[PDB]
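Chemist: Dumping the structure here so I can ask a few things about it.
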Amino acid sequence: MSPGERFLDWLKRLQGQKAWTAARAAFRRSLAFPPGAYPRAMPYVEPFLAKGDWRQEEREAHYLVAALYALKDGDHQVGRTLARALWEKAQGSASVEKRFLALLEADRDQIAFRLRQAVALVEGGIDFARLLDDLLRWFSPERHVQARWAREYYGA
């Protein structure tokens, strides 16, 4: 499995437990703070991160995805990437495309905010496994993830 698929399994397992209500509450509330900076969400993510070796930016990626997953009430739709979901949303609103481009152009200080805004903007579920795999590689000098998102958007 990929890091994204592994984390998705973890989130799905959590959502199936009685502790979900509390977990969702923590993840949802964490959207008001920088990823990885909300204490109550930590007990629900650290046990997972402990199984691997991560850099701070990578831990933050997991926290942000958990928060966005909760925002969408765990509606994971394999194959429906955020880029594709944004294209669908843009058909009814041309301005959505400018938000999409700004998302692709976001740097370390803008990505968390713009990603939360983009997920909140689209209708329905998205692929949270691919979302994490992509966020984890977002800062590659090549910007290959960004180019692929553009491919998915204009390809739709």
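The sequence shown lines up with residues 1 to 156 when you count with the authors' numbering. C-beta atoms are modelled at their ideal positions from N, C-alpha and C, and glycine is treated no differently.
1) For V96, which of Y63, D109, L82 has the nearest alpha-carbon?
2) Whole angstroms are fine: how far does the CA of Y38 sit from the CA of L86?
3) In whole angstroms, give me the CA-to-CA distance for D127 and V78.
4) Take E88 as the anchor and find which of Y154, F113, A26 has the nearest alpha-carbon.
5) Quick check: the Cα distance between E46 and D73, rounded to an integer number of angstroms?
6) Hey, could you find the ends of the alpha helix (DSSP H) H76 is sitting in?
7) Which residue from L31, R84, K18 puts its Cα closest to that of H62?
Modeler: According to the structure data:
1) Closest option to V96, Cα to Cα, is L82.
2) 28 Å
3) Each residue's alpha carbon lies about 5 Å from the other.
4) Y154
5) 21 Å
6) Careful: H76 lies outside any alpha helix (DSSP H) and carries neither H nor E.
7) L31
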